[PDB]
Structure formats: C-alpha cells, structure tokens
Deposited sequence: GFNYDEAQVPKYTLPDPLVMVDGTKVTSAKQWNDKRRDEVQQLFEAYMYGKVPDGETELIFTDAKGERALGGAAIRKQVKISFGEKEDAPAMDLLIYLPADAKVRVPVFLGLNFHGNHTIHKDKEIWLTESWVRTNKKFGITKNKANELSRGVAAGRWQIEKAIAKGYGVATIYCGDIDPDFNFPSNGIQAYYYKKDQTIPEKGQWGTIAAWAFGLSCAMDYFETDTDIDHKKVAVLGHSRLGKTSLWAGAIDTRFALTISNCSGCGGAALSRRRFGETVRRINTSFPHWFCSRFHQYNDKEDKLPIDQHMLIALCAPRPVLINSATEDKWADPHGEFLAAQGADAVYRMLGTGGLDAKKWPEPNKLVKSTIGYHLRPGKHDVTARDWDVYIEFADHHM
C-alpha cells in the first residue's frame, strides 16, 4: 500500500546529473550546455514524457483585438490558435489579461475546466471541447456552459497579478487533448500509431502534448508587441504542473518555470516511492506518460533519470517548486529533495542554486534561483500561492 511515513521511505541512489551516461565527469558549464543537457532531455523523452513529433507546425492566429476589462484595470485579448488551415483544425483558445507603459511580463498556464472558469467576465468564450464533471466547482455536464463562469477564479488571481504589473494568460488543457476520465482505445488510433517515425513506446505524452500547447502559446506571444515574450513565467497545478515543469524545462524561451503541487512524475523524486508511485500514476492515467514509462512500474530504482534531472534542465533560468503541507500524495519533501538535487548543476552554471539545506518550514519562500515554498493547507492554487509566485517573479523577472 501507499506510504505517508517519512521513516519508511526506502534508501536509494540518484543518477548524477553531472556524470555523462558513458561515465565521464561533467566538469564545466560548456560540457553541460554542449553535451549533457541534451542527453538528459533525450532520456526524459525516451523513458518518461515522449518526444514531440518532427515536421512543421502551421499555427494560425485570430485578430488579437484588445478590449477594456475589469473596468478597466485591464485589457483582455482572446486569440484562437489553430493548427493548420483545414476543418477542424485542432484549435485552442488563449485568454489574456494585461495591465492597461512597457512590454508586459506574463504568467501563462493551462486551466482545468475552461477559460470561462478563471474569471466571471461574461465575454470569455465558452469552450466547445469536452469538460470533466467536478463536484467542488458544481460542474455536472461534459459540455461547458455559462453557469460555471468564474468558479475557478481563486486559482487565477488576475486582479492581484494585474495590480503588481503582470499579465495572466491561459488555455484550457482539453482544447489540446481532453484527458478523458474513461478509457478509449479505438481502432483507428491503434493503427495510426504504427505508421510512425518515432516508435509507439517513445511517442508523446498527454503531459508532453499539453506542454507543446504551452510552447505554441509562446509562439503567439512572440508576435504580440504588448507582451514581453522574454519575461514569460510558465506555471501549472497538479497534472498541469507536471506539464509546466516539462514545458519550462525543454522550451528555453520561458524566463521562469513554476510547478505547483505537481507531485509524482513532476517535481517529486520517483525513488522515494512516497504517496503516489509510478505504477499507480500509470495505472490511473495510462496516456499521461510515454508507454516506455510503464515498464518502470515498481522499478523506480532502474529509471535512467529522476526528477532532480528535470529541474536541472531548467538551468540557468529560475524555477520555483511550490508544495502544499497536506498534499502527502504529492510527496512535498520529495519535491524539495528533487529541487536540492539540481543545486550542483545550477552552481556549475554560475547561479545561487537552492539556498536551503533542510526542508524549510511552511510559508516562507526560499527565493534563490532554484526556489522552494511549502504552503500550509490543501493541494490547490490559492491567493497565498500567487503572492509567492509574484514574490519570486519580482526577484528574478
């Protein structure tokens, strides 16, 4: 069964970010940047998240207008980003609030229930993608409707961000790939996956698909002269924080990466086997990871990576790991210990790494280049978490 007792955590050895797979010591920044970093990213692709397929991405952006809002406090934009010219064209909606002088720094993340859930604003478009039922937010049908406008606003503290000089941007994860809570292995998809350059075992990832979505949103930001595309912080909660951590890791355009209660296969060290384990996450969510990751059920000690090496991928750029005290499922101590295990790479690249020896006491940000915060209470995104995000962003961005 699952363990929530620190005293029962097994002994383990972590692979060393600073040792090449061939056994050569990594002794310089140059060597990390030229050889090891890409090697570590290729291990994550092949064993855990899967690789984004090659061949060009033909994004099309709507209008990008800009309307006063939050009377007004802010400009709102909604942009439809389509993948190609045909019917239908996967498409996703990007909702952006910016403060109403210079190119605006922005927090960008995926949401769980639709753009219209992040603020009451009646102008937000209602997604047509499938949505999950959710008791806490009173969502009882799988087609989005206006009754849930604003219900997840607590997780997106727009008014708070705006007052501090940041914009907020968001996309519903289900416009990218729905993450159904029921099994669907249709035959067409079974057959499409065989005729592929990447073999099935190494193909993306729900998580990797969602992370690609976020990089497509950075492509848009590059075209928008009201947004500072060099100061975008990518953030995410829970399964969407596993995503944000990966996206920020591999897309070096993001200035700052935030993982909020991302737990197993996100910030938490897999070898600790505390709370959620690899077998459990792959059993519950067989499409989230590449199928090669399934071979490491109950065998976390044979993984060629662990999540300290993911956090190290973000180096030199700032990364914040936020945990919640009651969120034992996520292994908050393991999330801290992963951050600690990237410290040497970040020091090699000339930054402060993680300024903490012991797992810190709750509710005080460690604000070093690798940041860590342990927030009292439940697995969630709260007003306090946003204060932390902004305190970190104000220091680094």
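Sequence range 101-102 alone has no coordinates in this entry (deposited sequence, numbered from 1, C-alpha basis).
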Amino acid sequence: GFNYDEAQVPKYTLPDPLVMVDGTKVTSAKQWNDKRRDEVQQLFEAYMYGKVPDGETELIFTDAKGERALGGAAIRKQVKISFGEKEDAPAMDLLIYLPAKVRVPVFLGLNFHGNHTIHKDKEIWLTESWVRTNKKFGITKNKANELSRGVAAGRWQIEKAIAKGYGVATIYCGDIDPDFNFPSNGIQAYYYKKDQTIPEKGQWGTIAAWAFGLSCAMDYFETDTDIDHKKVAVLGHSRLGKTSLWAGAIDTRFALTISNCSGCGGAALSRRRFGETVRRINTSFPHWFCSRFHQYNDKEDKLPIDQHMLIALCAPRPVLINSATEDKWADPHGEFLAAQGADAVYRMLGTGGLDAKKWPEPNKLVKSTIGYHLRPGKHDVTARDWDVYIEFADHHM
From here on, numbers count along this sequence of modelled residues.
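Higher average CA B factor: 210-218, of the stretches 210-218 and 322-330. As listed in the deposited structure, the average C-alpha B-factor of 85-93 and of 281-289 is greater for 85-93. Residue-level inspection of the entry shows that, of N260, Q196, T257, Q307, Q196 has the top Cα B-factor. Each of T225, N115, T243, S129 has a CA temperature factor in the record; the biggest one is found at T225. When the CA B factors of the chain's modelled residues are split into thirds, the value for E39 lands in the highest one.
In the PDB entry, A73 places in the highest third of its chain by CA B-factor.
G341: CA B factor lies in the lowest third for its chain, per the PDB record.
Remark: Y372 belongs to the lowest third of its chain, ranked by C-alpha B-factor as recorded. Ranked against the other modelled residues of its chain, the C-alpha B-factor of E335 as given in the entry falls in the lowest third.
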